[PDB]
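*Asks:* So I've got this experimental structure, pasted below with the sequence.
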Amino acid sequence: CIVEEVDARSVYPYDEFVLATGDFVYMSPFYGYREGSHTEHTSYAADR
Amino acid sequence: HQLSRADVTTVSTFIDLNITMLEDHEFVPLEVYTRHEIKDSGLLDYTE
């Protein structure tokens, strides 16, 4: 089991971001449930 | 009586010409984006 604090970077329009490992995350950094953040981009199922 | 030249009204035959020197000016270095900024604009740095 490995836990790593990493820097994450996102470019406009901020529909995805990358980690220091080079792994992409195909979700907006600003995705959420409040203030209309549920309209932000996600490429993953809701259970993820 | 006796007078000084300051006691006599003075009119001028001279035509005025007021030439002033162009002043020194300093040009500071100025860049819109530093090369560090240009390097950092990439999302993923392969070397890092």
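*Replies:* Great, that's in hand. Residues are numbered from 1 along each chain as shown, chains lettered A, B, ... in the order given.

*Asks:* Every contact and neighbour count from this point should use C-alpha atoms.
*Replies:* Noted.

*Asks:* okay, how far is it across stretch A:2-20, tip to tip?
*Replies:* 15 Å (CA to CA, to the nearest Å).

*Asks:* meant to ask about stretch A:33-40
*Replies:* End-to-end distance of stretch A:33-40 (CA to CA): 10 Å.

*Asks:* next one: stretch A:18-36
*Replies:* Span of stretch A:18-36 from end to end, CA to CA: 23 Å.

*Asks:* same question, stretch A:23-42
*Replies:* Per CA to CA, stretch A:23-42 runs 16 Å from first to last residue.

*Asks:* neighbouring contacts of that stretch?
*Replies:* A:10, A:14-19, A:43-44 (CA atoms under 8 Å, 6 or more residues apart in numbering or on different chains).

*Asks:* Swap in 6 Å and give it another go.
*Replies:* A:14-18, A:43 (CA atoms under 6 Å, 6 or more residues apart in numbering or on different chains).

*Asks:* Tell me the buried residues in it?
*Replies:* Across stretch A:23-42, burial judged by 16 or more other CA atoms under 10 Å in any protein chain shown covers A:25, A:27-29, A:31, A:40-42.

*Asks:* Just flag the most distant two among the contacts of stretch A:23-42.
*Replies:* A:18 and A:43 (14.1 Å; CA to CA).

*Asks:* of the two, who's got more company?
*Replies:* Remark: of residue A:18 and residue A:43, residue A:18 carries more neighbours, 20 against 11, as counted by other CA atoms under 10 Å in any protein chain shown.

*Asks:* hey, what's the more buried one bridged with?
*Replies:* Applying DSSP bridges to residue A:18 yields these beta-bridge partners: residue A:9, residue A:24.
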